[PDB]
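Have a look at the structure below, then the notes.
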There are 2 protein chains.
Amino acid sequence: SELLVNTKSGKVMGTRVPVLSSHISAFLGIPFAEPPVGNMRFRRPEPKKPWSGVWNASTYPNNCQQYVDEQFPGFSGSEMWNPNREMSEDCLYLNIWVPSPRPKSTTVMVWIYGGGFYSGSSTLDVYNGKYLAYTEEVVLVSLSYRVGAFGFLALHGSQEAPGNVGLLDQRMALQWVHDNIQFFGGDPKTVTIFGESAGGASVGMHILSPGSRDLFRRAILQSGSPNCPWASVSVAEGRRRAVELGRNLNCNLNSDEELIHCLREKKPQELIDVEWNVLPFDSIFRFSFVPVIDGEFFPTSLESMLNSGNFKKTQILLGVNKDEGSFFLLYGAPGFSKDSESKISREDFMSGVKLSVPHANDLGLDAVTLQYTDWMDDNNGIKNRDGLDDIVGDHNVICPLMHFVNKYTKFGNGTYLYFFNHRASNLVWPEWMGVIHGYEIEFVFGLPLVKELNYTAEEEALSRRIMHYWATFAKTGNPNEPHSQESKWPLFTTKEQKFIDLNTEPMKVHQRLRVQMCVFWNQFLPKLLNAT
Amino acid sequence: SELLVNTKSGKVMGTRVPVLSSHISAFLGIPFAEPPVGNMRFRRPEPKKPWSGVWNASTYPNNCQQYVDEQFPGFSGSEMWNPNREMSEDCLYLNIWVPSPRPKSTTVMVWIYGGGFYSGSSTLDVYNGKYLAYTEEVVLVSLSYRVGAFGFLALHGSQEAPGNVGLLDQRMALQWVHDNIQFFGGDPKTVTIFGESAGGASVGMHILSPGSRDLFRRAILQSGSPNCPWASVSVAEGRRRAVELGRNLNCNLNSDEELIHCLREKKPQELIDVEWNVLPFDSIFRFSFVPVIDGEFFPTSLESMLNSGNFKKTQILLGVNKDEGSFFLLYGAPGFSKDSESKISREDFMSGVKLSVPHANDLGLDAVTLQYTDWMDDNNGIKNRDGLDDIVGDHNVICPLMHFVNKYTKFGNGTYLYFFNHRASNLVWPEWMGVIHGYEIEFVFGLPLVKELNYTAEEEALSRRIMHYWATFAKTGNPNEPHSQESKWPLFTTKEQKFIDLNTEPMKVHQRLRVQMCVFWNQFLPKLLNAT
Ligand SMILES: COc1cc2cc(NC(=O)[C@@H]3CCC[C@H](NCc4ccccc4)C3)c(=O)oc2cc1OC
Ligand SMILES: COc1cc2cc(NC(=O)[C@@H]3CCC[C@H](NCc4ccccc4)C3)c(=O)oc2cc1OC
Ligand SMILES: *[C@@H]1O[C@H](CO)[C@@H](O)[C@H](O)[C@H]1NC(C)=O
Ligand SMILES: *[C@@H]1O[C@H](CO)[C@@H](O)[C@H](O)[C@H]1NC(C)=O
């Protein structure tokens with residue numbers, strides 16, 4: 001039957017799902033790892049023992065244990081990111097949307113969710129593969145991985161909690177797609193992995209890590225970048241945070257075996273309750289347990305890997321949203337509130353600059369401030385608010401991604417760069433927040449096509465325009481249709497540095513995206529801080 | 001007779017001079033000090049022994065010994081600043097233009113020439129008091145002072161070369177005006193001292209120095225400021241430069257008496273030949289022998305004097321030109337030439353930034369560069385050229401003057417601030433140079449009124465407009481006529497920070513003149529350099 005597939009791990013039985021007055025197939029909650037529970041918590045992932053019989057792969061799986069956002073209880077804008085299924089340490093599953101009929105060798109797209117490495121779910125309504133798989137004839141796959149302390153506790157030199165295991169989770173799901181996607185009609189030599197936020201930093205991490213490169217063909221990174229300041233810590237810092245997690249749960253801290261044993265005795269929610277207490281600074285856009293530069297998953301420092309062409313050479317498609325910082329100021333910066341225009345006093349701007357660059361000494365704090373303050377009108381709370389939005393977007397997302405895209409292009413086989421600056425017309429967050437972090441996802445997955453979600457026709461036009469760029473890129477390494485009538489999304493070159501707009505207005509091409517500020521973040525401020 | 005005046009130092013006989021189809025009186029080359037020759041070279045000035053008989057005060061006096069510009073031999077644009085009379089160490093004289101008939105108590109204006117403390121002449125055609133004295137009924141006085149090593153060699157703790165003597169020259173001329181200007185129909189309680197460049201820094205120095213404040217009423221500073229980075233050195237630096245002058249002339253350097261004796265044996269031109277060899281850096285807009293912060297003329301550091309209201313509280317009128325730096329790049333920066341548009345390579349911009357901020361470490365050099373580079377179009381030789389013009393104007397003139405005007409206004413009785421941005425229509429320098437340092441002088445002295453110098457009628461209108469602002473300010477402490485029809489030049493307040501334009505277009509009022517860049521120069525870069 002269509003909904004029955006003989007994989008190398010065993011048979012699985014999916015279900016027929018409707019999608020825009022037609023139907024396709026779905027295989028939800030397929031295991032790719034052994035459940036990482038008990039003594040396996042914090043351990044590298046093991047591959048799922050193959051099973052006899054048939055797996056009832058018709059319902060979504062548990063979500064992995066994480067912190068749940070309750071800043072705005074009941075508010076859909078915040079709830080759509082929380083787990084919509086019960087949480088279990090047994091989260092290692094993946095979901096396949098297959099067109100119907102089952103093709104024989106179409107393009108495969110693997111989705112990697114974000115959420116700062118401390119949260120995420122493959123099962124969110126905004127991650128639904130069906131609209132994309134159906135509209136573009138691709139096989140859509142979404143994996144899951146251990147987040148939080150469960151996926152990134154880092155006592156290096158120990159083999160019980162080596163770090164990076166949530167990436168190894170991702171890797172094993174990618175190994176399972178390479179081995180088995182052919183039985184779902186997927187071409188295992190045409191897998192494009194894409195992600196956003198932490199998931200975009202993951203996608204670019206698999207580009208760097210050698211153990212990962214041969215498991216996928218090309219890559220899409222959305223608002224994420226392996227070298228983001230929040231995406232990785234050093235071994236010393238990862239150890240310190242692991243030890244401090246132990247101290248919050250009154251653990252014996254003498255040996256690494258003593259810490260790890262103590263942490264496995266604890267229930268999940270006990271580590272989540274104190275997870276945020278181990279950050280070294282008062283900060284925004286910093287998360288506790290993140291990938292560690294370990295010498296194994298990452299052979300050396302990320303900057304030397306980027307300078308020395310030490311990474312998978314292929315094509316990449318990547319880009320940013322207009323107002324990336326505003327979501328994070330809402331959560332931790334003083335002055336901002338969901339229900340005001342959040343005009344920002346001179347004094348609260350000062351406070352935001354501290355929380356955005358928590359590693360900076362006073363002289364660096366002054367440098368940031370000078371660079372982002374209109375001094376002809378300093379006490380303007382809209383200019384102070386918008387300025388903060390740019391401080392957090394540039395430092396944390398846009399400028400580390402530009403650095404990545406300038407370093408990668410020097411050695412790669414193609415690069416396509418976008419600037420998504422369309423405020424969705426049905427957005428529940430205040431208008432001061434602009435074009436929000438993670439709000440292009442709904443267009444990439446084609447939710448505008450559900451003309452029951454209140455979307456303007458132009459936005460459906462935009463979602464189809466975008467979904468085609470993505471799929472055509474995953475299929476060929478160029479989002480442009482050969483012999484096509486629309487304007488061509490130009491390649492990004494070190495010489496000309498072009499990129500395009502993604503909005504309902506006719507496509508436009510600019511260059512050197514936010515270079516002015518990105519010179520400051522990528523080259524000046526690091527030099528200043530290194531100087532004492 | 002009109003041209004005969006009985007001063008406290010003796011009678012003097014002036015001459016009748018024509019000025020715009022009428023006539024007034026002039027007393028040229030009146031001594032106010034003993035000739036500072038032989039053993040008096042480098043010494044504080046002594047007052048002119050009074051004389052029997054009558055002084056033939058009808059011809060201009062010698063100019064003081066200085067370096068003569070020969071970068072452009074024959075070119076009037078450069079020659080109009082060189083000495084037009086033979087040079088003598090006996091330069092201590094002053095010149096009075098008196099209206100006719102001799103008024104009884106009109107306003108007195110004393111002019112203090114500039115030229116980096118290393119050059120200047122009271123006798124230049126652009127300093128002619130007659131057009132101003134006649135048009136505005138004021139008594140115009142111009143002093144002279146020892147420049148170069150002759151006026152500012154600084155072996156502190158010695159009484160033979162204590163430093164600052166060229167300012168004491170100025171002071172004695174001001175004491176002579178206070179004592180004697182009443183016999184020329186001048187009101188000695190209404191003396192406004194004005195100057196440009198070094199002369200504007202002098203005017204503001206007499207505001208700070210206590211030994212000077214009671215000798216003048218109010219003050220005009222043009223493109224000059226006591227706290228300019230070139231206007232003063234520390235005692236240690238002034239000693240080092242004095243010792244290095246000795247080393248260039250093969251002097252015994254053991255004792256201060258030995259150095260000073262050796263330097264007095266030398267002819268003047270021997271010190272001028274090597275004067276530039278003692279600067280500590282490769283620089284532009286730095287001069288060898290300048291005022292020294294000595295504890296006497298200046299009680300303490302200039303910044304503490306400005307912070308602690310330690311200065312003459314009165315009214316001041318001051319301002320800057322649009323393109324102050326371009327004159328100095330022409331002389332020492334690579335890429336610039338009198339006869340090209342001087343488009344500036346990326347590499348030669350780099351070189352200019354070095355020569356403009358010679359005291360800055362590499363990190364400071366990067367800060368300047370970042371702040372003044374359009375990174376969306378970095379290899380634009382017009383933007384690099386104009387950018388350099390602003391680097392040198394802001395650092396050396398505009399931003400130290402804004403600092404002065406922000407500190408002085410906090411404690412003073414009035415402040416008026418101008419931005420002179422009219423390119424004179426008959427200017428012999430290339431158009432890339434813009435509105436050049438020291439090219440408002442010709443409007444302040446009313447040379448546009450000579451409709452035989454090729455000036456547009458609008459410019460005569462501007463010169464009369466400006467000459468009236470100056471004189472009416474000197475007379476009252478407000479450039480505005482009471483009950484007048486033109487727009488009012490607003491006072492400068494710490495709150496609103498207004499200022500006006502000086503050009504042929506109808507007057508306009510802006511605020512916070514070049515604050516963006518001046519925050520960087522006055523508050524950020526000093527913090528950065530102090531930090532290691
Ligand atoms: C003391 O440190 C704490 C820090 C934080 C940070 C929280 N959240 C966030 O930083 C982010 C902000 C941006 C919106 C994002 N969700 C939407 C989203 C998800 C995925 C992709 C795209 C968009 C939540 C947080 O919920 O709780 C915290 C609690 C803390 O202590 C108890
Ligand atoms: C190695 O250091 C040297 C440095 C210099 C600098 C010279 N000149 C100037 O810096 C200035 C630049 C601006 C134009 C001004 N004159 C017009 C002016 C005069 C008064 C008020 C306003 C305007 C001359 C110079 O002539 O010769 C130099 C020779 C050097 O070594 C032999
Ligand atoms: C699969 O599990 C769900 C959830 O309990 C159940 O409702 C469904 O009928 C099951 N289907 C099969 C074929 O086992
Ligand atoms: C003053 O000196 C000049 C220059 O030598 C001379 O030509 C002039 O006639 C003299 N006048 C008097 C009155 O001495």
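Going through the structure tokens in order, the chains are called A, B, and so on, while each chain numbers its residues from 1 and the ligands are numbered from 1 in the order shown.
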
For the helix (DSSP H, G or I) assignment from backbone DSSP, which residues of segment 128-250 of chain B qualify? Please present them as a PyMOL selection string.
chain B and resi 129-136+149-152+165-184+198-208+210-213+235-248

Can you tell me which residues surround segment 59-65 of chain B at a distance of at most 10 Å, considering only C-alpha atoms, apart from same-chain residues fewer than 2 positions away, and format the answer as a VMD selection string?
chain B and resid 14 to 15 26 to 31 56 to 57 67 to 68 82 to 95 118 to 124 144 to 151 268 to 269 271 to 272

At a cut-off of 8 Å around ligand 1, and using only C-alpha atoms and all ligand atoms, what residues come up? Please write them as a PyMOL selection string.
chain A and resi 67-71+78+81+113-116+119-120+196-198+276-277+279+282-287+326-332+436-439

Produce a file of the selected residues containing C-alpha atoms, as a tab-separated table (two decimals), in the first residue's frame.
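Saved result, selection-v9.tsv, follows:
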```tsv
chain	number	residue	atom	x	y	z
A	67	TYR	CA	11.61	25.09	29.07
A	68	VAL	CA	8.10	26.31	28.21
A	69	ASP	CA	7.41	29.98	27.56
A	70	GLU	CA	4.76	31.45	29.86
A	71	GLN	CA	5.44	35.17	29.52
A	78	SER	CA	3.90	32.86	22.02
A	81	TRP	CA	6.30	27.93	19.66
A	113	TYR	CA	13.97	23.47	14.11
A	114	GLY	CA	15.39	26.29	16.22
A	115	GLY	CA	14.78	27.80	19.65
A	116	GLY	CA	18.22	28.52	21.03
A	119	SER	CA	13.73	24.49	23.02
A	120	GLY	CA	11.94	23.36	19.87
A	196	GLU	CA	16.12	28.70	11.26
A	197	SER	CA	17.68	30.35	14.22
A	198	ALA	CA	19.41	27.67	16.14
A	276	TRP	CA	18.71	29.70	33.28
A	277	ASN	CA	20.60	30.29	36.53
A	279	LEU	CA	24.44	32.02	32.43
A	282	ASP	CA	22.82	39.51	32.69
A	283	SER	CA	21.96	39.10	29.06
A	284	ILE	CA	19.49	38.80	26.26
A	285	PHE	CA	19.96	36.34	23.38
A	286	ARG	CA	22.15	33.97	25.42
A	287	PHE	CA	21.17	30.38	26.22
A	326	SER	CA	12.71	43.06	18.63
A	327	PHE	CA	11.46	39.65	19.79
A	328	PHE	CA	14.28	39.35	22.35
A	329	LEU	CA	14.01	42.86	23.74
A	330	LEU	CA	10.35	42.12	24.52
A	331	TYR	CA	11.43	39.29	26.78
A	332	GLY	CA	14.28	40.76	28.79
A	436	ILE	CA	10.01	39.35	13.67
A	437	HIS	CA	12.62	36.62	14.17
A	438	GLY	CA	11.17	33.35	12.92
A	439	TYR	CA	8.21	34.88	11.09
```

Neighbouring residues of segment 289-297 of chain B were defined as those with any atom within 8 Å, considering only C-alpha atoms; residues of the same chain fewer than 5 positions away were excluded. Please report them as an mmCIF file with N, CA and C atoms, in the first residue's frame.
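Written out: result13.cif:
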```cif
data_model
loop_
_atom_site.group_PDB
_atom_site.id
_atom_site.type_symbol
_atom_site.label_atom_id
_atom_site.label_comp_id
_atom_site.auth_asym_id
_atom_site.auth_seq_id
_atom_site.Cartn_x
_atom_site.Cartn_y
_atom_site.Cartn_z
ATOM 1 N N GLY B 116 49.440 79.330 13.157
ATOM 2 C CA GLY B 116 50.049 78.291 13.944
ATOM 3 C C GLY B 116 51.113 78.645 14.926
ATOM 4 N N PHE B 117 51.183 79.885 15.322
ATOM 5 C CA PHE B 117 52.138 80.316 16.306
ATOM 6 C C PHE B 117 53.526 80.323 15.725
ATOM 7 N N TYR B 118 53.660 79.892 14.487
ATOM 8 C CA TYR B 118 54.944 79.879 13.834
ATOM 9 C C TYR B 118 55.033 80.910 12.755
ATOM 10 N N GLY B 148 57.058 81.294 16.400
ATOM 11 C CA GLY B 148 58.135 80.359 16.168
ATOM 12 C C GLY B 148 58.871 80.007 17.446
ATOM 13 N N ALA B 149 60.166 79.745 17.309
ATOM 14 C CA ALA B 149 60.973 79.519 18.497
ATOM 15 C C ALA B 149 61.170 80.813 19.270
ATOM 16 N N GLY B 151 59.102 83.086 19.992
ATOM 17 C CA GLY B 151 58.002 83.379 20.872
ATOM 18 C C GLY B 151 57.565 82.224 21.751
ATOM 19 N N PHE B 152 58.010 80.987 21.483
ATOM 20 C CA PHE B 152 57.441 79.901 22.270
ATOM 21 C C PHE B 152 58.430 78.790 22.632
ATOM 22 N N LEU B 153 59.738 79.042 22.587
ATOM 23 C CA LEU B 153 60.698 78.086 23.137
ATOM 24 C C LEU B 153 60.456 77.930 24.635
ATOM 25 N N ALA B 154 60.442 76.680 25.146
ATOM 26 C CA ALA B 154 59.901 76.431 26.496
ATOM 27 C C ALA B 154 60.785 75.518 27.364
ATOM 28 N N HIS B 156 61.044 75.249 30.825
ATOM 29 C CA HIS B 156 60.355 75.639 32.050
ATOM 30 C C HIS B 156 61.253 75.526 33.275
ATOM 31 N N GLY B 163 58.979 80.133 28.219
ATOM 32 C CA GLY B 163 57.836 79.817 27.397
ATOM 33 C C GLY B 163 56.802 80.926 27.384
ATOM 34 N N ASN B 164 55.844 80.773 26.476
ATOM 35 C CA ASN B 164 54.650 81.600 26.352
ATOM 36 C C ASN B 164 54.935 83.061 26.037
ATOM 37 N N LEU B 167 52.649 85.119 23.840
ATOM 38 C CA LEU B 167 51.390 85.537 24.441
ATOM 39 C C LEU B 167 51.589 86.776 25.309
ATOM 40 N N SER B 209 43.600 82.838 30.938
ATOM 41 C CA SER B 209 44.716 83.262 31.780
ATOM 42 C C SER B 209 44.320 84.448 32.645
ATOM 43 N N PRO B 210 44.509 84.372 33.972
ATOM 44 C CA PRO B 210 44.034 85.476 34.835
ATOM 45 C C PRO B 210 44.774 86.780 34.597
ATOM 46 N N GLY B 211 46.078 86.728 34.340
ATOM 47 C CA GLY B 211 46.852 87.927 34.071
ATOM 48 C C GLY B 211 46.385 88.737 32.874
ATOM 49 N N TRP B 230 46.642 71.244 18.588
ATOM 50 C CA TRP B 230 47.892 71.843 18.135
ATOM 51 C C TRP B 230 48.266 73.105 18.908
ATOM 52 N N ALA B 231 47.334 73.679 19.676
ATOM 53 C CA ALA B 231 47.572 74.994 20.247
ATOM 54 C C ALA B 231 48.465 74.990 21.480
ATOM 55 N N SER B 232 48.660 73.862 22.165
ATOM 56 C CA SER B 232 49.508 73.889 23.356
ATOM 57 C C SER B 232 50.193 72.547 23.582
ATOM 58 N N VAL B 233 51.350 72.590 24.250
ATOM 59 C CA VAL B 233 52.066 71.382 24.653
ATOM 60 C C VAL B 233 52.281 71.391 26.162
ATOM 61 N N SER B 234 52.616 70.215 26.686
ATOM 62 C CA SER B 234 53.010 70.088 28.079
ATOM 63 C C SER B 234 54.433 70.592 28.278
ATOM 64 N N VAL B 235 54.778 70.799 29.546
ATOM 65 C CA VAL B 235 56.101 71.306 29.892
ATOM 66 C C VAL B 235 57.182 70.332 29.447
ATOM 67 N N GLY B 238 57.502 70.526 25.662
ATOM 68 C CA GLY B 238 58.129 71.767 25.252
ATOM 69 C C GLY B 238 59.612 71.789 25.539
ATOM 70 N N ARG B 241 61.310 69.438 22.850
ATOM 71 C CA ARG B 241 61.421 70.083 21.544
ATOM 72 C C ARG B 241 62.477 71.168 21.568
ATOM 73 N N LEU B 302 44.098 72.981 30.935
ATOM 74 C CA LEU B 302 43.003 73.727 30.325
ATOM 75 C C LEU B 302 41.656 73.070 30.586
#
```

Write out as a list in words every residue belonging to chain A that has an atom at most 10 Å from any atom of chain B, counting only C-alpha atoms.
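Filtering chain A at 10 Å from chain B with only C-alpha atoms gives residues 362, 363, 364, 366, 367, 370, 371, 373, 374, 375, 376, 377, 511, 512, 513, 514, 515, 516, 517, 518, 519, 520, 523, 524, 525, 527, 528, 531 and 532 of chain A.
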
Mind giving me the straight-line distance from atom CA of residue 40 of chain A to atom CA of residue 227 of chain A in Å, one decimal?
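Here the two named atoms are 29.0 Å from each other.
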
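Summary of the local environment: counting only C-alpha atoms, residues at most 10 Å from segment 387-389 of chain B, other than itself and those fewer than 5 positions away along its chain, are residues 322, 323, 324, 325, 326, 327, 328, 329, 330, 333, 344, 349, 350, 352, 353, 356, 369, 371, 372, 373, 374, 381, 382, 394, 432, 433 and 434 of chain B.
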
Atoms kept (N, CA and C atoms) for selection, written as an mmCIF file, in the first residue's frame:
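Result written to out39.cif:
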```
data_model
loop_
_atom_site.group_PDB
_atom_site.id
_atom_site.type_symbol
_atom_site.label_atom_id
_atom_site.label_comp_id
_atom_site.auth_asym_id
_atom_site.auth_seq_id
_atom_site.Cartn_x
_atom_site.Cartn_y
_atom_site.Cartn_z
ATOM 1 N N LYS B 322 33.259 75.790 6.669
ATOM 2 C CA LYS B 322 32.695 74.498 6.271
ATOM 3 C C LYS B 322 33.776 73.443 6.087
ATOM 4 N N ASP B 323 34.858 73.782 5.394
ATOM 5 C CA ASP B 323 35.882 72.805 5.018
ATOM 6 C C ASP B 323 37.220 73.294 5.564
ATOM 7 N N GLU B 324 37.437 73.061 6.859
ATOM 8 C CA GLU B 324 38.625 73.571 7.537
ATOM 9 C C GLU B 324 39.870 72.749 7.234
ATOM 10 N N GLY B 325 39.718 71.466 6.938
ATOM 11 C CA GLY B 325 40.900 70.635 6.807
ATOM 12 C C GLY B 325 41.605 70.693 5.463
ATOM 13 N N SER B 326 40.888 71.122 4.423
ATOM 14 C CA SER B 326 41.388 70.918 3.071
ATOM 15 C C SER B 326 42.693 71.672 2.825
ATOM 16 N N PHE B 327 42.873 72.827 3.451
ATOM 17 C CA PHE B 327 44.109 73.591 3.287
ATOM 18 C C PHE B 327 45.329 72.807 3.770
ATOM 19 N N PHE B 328 45.168 71.993 4.812
ATOM 20 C CA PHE B 328 46.316 71.350 5.438
ATOM 21 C C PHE B 328 46.654 70.029 4.799
ATOM 22 N N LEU B 329 45.653 69.378 4.205
ATOM 23 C CA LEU B 329 45.893 68.188 3.400
ATOM 24 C C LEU B 329 46.696 68.534 2.153
ATOM 25 N N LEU B 330 46.382 69.673 1.522
ATOM 26 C CA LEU B 330 47.151 70.136 0.372
ATOM 27 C C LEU B 330 48.644 70.206 0.666
ATOM 28 N N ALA B 333 49.433 65.996 2.955
ATOM 29 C CA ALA B 333 48.894 64.651 2.781
ATOM 30 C C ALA B 333 49.109 64.131 1.350
ATOM 31 N N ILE B 344 41.265 60.476 -4.022
ATOM 32 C CA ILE B 344 42.160 59.916 -3.019
ATOM 33 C C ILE B 344 41.930 58.418 -2.952
ATOM 34 N N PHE B 349 44.016 57.475 1.524
ATOM 35 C CA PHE B 349 43.152 57.808 2.648
ATOM 36 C C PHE B 349 43.729 57.272 3.952
ATOM 37 N N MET B 350 44.038 55.979 3.997
ATOM 38 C CA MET B 350 44.777 55.337 5.083
ATOM 39 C C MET B 350 45.968 56.174 5.538
ATOM 40 N N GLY B 352 46.452 59.447 5.009
ATOM 41 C CA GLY B 352 45.989 60.700 5.580
ATOM 42 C C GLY B 352 45.522 60.561 7.018
ATOM 43 N N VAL B 353 44.826 59.458 7.326
ATOM 44 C CA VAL B 353 44.328 59.227 8.682
ATOM 45 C C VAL B 353 45.486 59.135 9.673
ATOM 46 N N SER B 356 46.829 62.740 10.261
ATOM 47 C CA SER B 356 45.902 63.652 10.907
ATOM 48 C C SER B 356 45.777 63.405 12.402
ATOM 49 N N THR B 369 38.984 55.699 11.138
ATOM 50 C CA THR B 369 38.674 55.208 9.800
ATOM 51 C C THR B 369 37.239 54.725 9.707
ATOM 52 N N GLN B 371 34.705 55.479 11.455
ATOM 53 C CA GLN B 371 33.737 56.551 11.664
ATOM 54 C C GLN B 371 33.564 57.427 10.431
ATOM 55 N N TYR B 372 34.576 57.500 9.569
ATOM 56 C CA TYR B 372 34.578 58.459 8.470
ATOM 57 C C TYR B 372 34.542 57.806 7.084
ATOM 58 N N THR B 373 34.310 56.488 6.999
ATOM 59 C CA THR B 373 34.307 55.728 5.747
ATOM 60 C C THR B 373 32.897 55.279 5.380
ATOM 61 N N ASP B 374 32.410 55.707 4.215
ATOM 62 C CA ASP B 374 31.167 55.149 3.671
ATOM 63 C C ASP B 374 31.462 53.753 3.152
ATOM 64 N N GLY B 381 37.113 58.031 -4.476
ATOM 65 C CA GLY B 381 38.156 59.003 -4.180
ATOM 66 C C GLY B 381 37.657 60.411 -3.937
ATOM 67 N N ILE B 382 36.392 60.689 -4.224
ATOM 68 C CA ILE B 382 35.820 61.947 -3.777
ATOM 69 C C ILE B 382 35.361 61.830 -2.328
ATOM 70 N N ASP B 394 37.330 68.512 11.816
ATOM 71 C CA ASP B 394 36.668 68.163 13.065
ATOM 72 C C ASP B 394 37.671 68.039 14.200
ATOM 73 N N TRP B 432 37.862 71.812 -5.188
ATOM 74 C CA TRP B 432 37.769 70.692 -4.255
ATOM 75 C C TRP B 432 38.075 71.126 -2.828
ATOM 76 N N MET B 433 38.763 72.253 -2.656
ATOM 77 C CA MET B 433 39.132 72.711 -1.331
ATOM 78 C C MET B 433 37.966 73.335 -0.578
ATOM 79 N N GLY B 434 36.900 73.734 -1.270
ATOM 80 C CA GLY B 434 35.707 74.174 -0.560
ATOM 81 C C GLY B 434 35.889 75.527 0.106
#
```

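For segment 233-367 of chain B, a DSSP pass over the backbone yields strand (DSSP E) at residues 316, 317, 318, 319, 320 and 321 of chain B.
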
Residues near segment 499-510 of chain A, anyone? I mean within 7 Å using only C-alpha atoms, not counting same-chain ones fewer than 2 positions away, as a list in words.
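Within the cut-off, the hits are residues 417, 418, 419, 420, 421, 422, 458, 459, 462, 489, 490, 492 and 497 of chain A.
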
So that I can see what lies close to residue 311 of chain B, please list as a PyMOL selection string the residues with an atom at most 10 Å from it, counting only C-alpha atoms and leaving out residues fewer than 3 positions away in the same chain.
chain B and resi 204-210+213+305-308+314+408+411-412

Could you turn the residues from that selection into a file that holds N, CA and C atoms, as a short mmCIF file (atom, residue, chain, number, x, y, z; two decimals), in the first residue's frame?
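selection14.cif, freshly written:
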```cif
data_model
loop_
_atom_site.label_atom_id
_atom_site.label_comp_id
_atom_site.auth_asym_id
_atom_site.auth_seq_id
_atom_site.Cartn_x
_atom_site.Cartn_y
_atom_site.Cartn_z
N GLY B 204 41.00 83.06 23.05
CA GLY B 204 40.47 82.21 24.09
C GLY B 204 41.47 81.89 25.18
N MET B 205 42.77 82.02 24.90
CA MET B 205 43.75 81.82 25.95
C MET B 205 43.75 82.99 26.93
N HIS B 206 43.62 84.22 26.41
CA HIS B 206 43.50 85.38 27.28
C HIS B 206 42.22 85.34 28.11
N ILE B 207 41.19 84.64 27.62
CA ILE B 207 39.99 84.41 28.41
C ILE B 207 40.31 83.53 29.62
N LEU B 208 41.17 82.52 29.43
CA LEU B 208 41.53 81.62 30.52
C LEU B 208 42.55 82.22 31.47
N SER B 209 43.60 82.84 30.94
CA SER B 209 44.72 83.26 31.78
C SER B 209 44.32 84.45 32.65
N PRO B 210 44.51 84.37 33.97
CA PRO B 210 44.03 85.48 34.84
C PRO B 210 44.77 86.78 34.60
N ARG B 213 42.66 88.86 31.81
CA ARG B 213 41.22 89.02 31.65
C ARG B 213 40.79 90.47 31.79
N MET B 305 40.41 74.07 34.07
CA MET B 305 39.94 75.45 33.97
C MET B 305 38.57 75.54 33.31
N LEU B 306 38.36 74.78 32.23
CA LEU B 306 37.06 74.86 31.57
C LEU B 306 35.95 74.21 32.41
N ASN B 307 36.27 73.14 33.15
CA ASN B 307 35.26 72.48 33.96
C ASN B 307 34.88 73.29 35.20
N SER B 308 35.82 74.07 35.73
CA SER B 308 35.67 74.74 37.01
C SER B 308 35.36 76.22 36.86
N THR B 314 32.10 86.64 30.29
CA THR B 314 31.68 87.77 29.46
C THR B 314 30.84 87.17 28.32
N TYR B 408 32.15 76.84 27.92
CA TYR B 408 32.10 78.25 28.26
C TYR B 408 30.67 78.70 28.50
N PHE B 411 28.83 78.91 31.92
CA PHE B 411 29.23 79.89 32.92
C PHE B 411 29.29 81.32 32.42
N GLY B 412 28.94 81.61 31.17
CA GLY B 412 29.20 82.89 30.58
C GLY B 412 27.94 83.72 30.44
#
```

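The environment of residue 478 of chain A within 12 Å, counting only C-alpha atoms and disregarding residues fewer than 3 places along the same chain, consists of residues 218, 219, 220, 314, 315, 316, 317, 413, 414, 415, 416, 417, 468, 469, 470, 471, 472, 473, 474, 475, 481, 482, 488, 489, 490, 491 and 492 of chain A.
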
For residue 430 of chain B, the nearest of the candidates B:240, B:338, B:189, B:11, counting only C-alpha atoms
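Counting only C-alpha atoms, the residue closest to residue 430 of chain B is B:338.
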
Considering only C-alpha atoms, state which residue in the set B:53, B:129, B:479, B:224 is at the smallest distance from residue 96 of chain B.
B:129

From the list B:193, B:172, B:402, B:161, the nearest residue to residue 109 of chain B using only C-alpha atoms is B:193
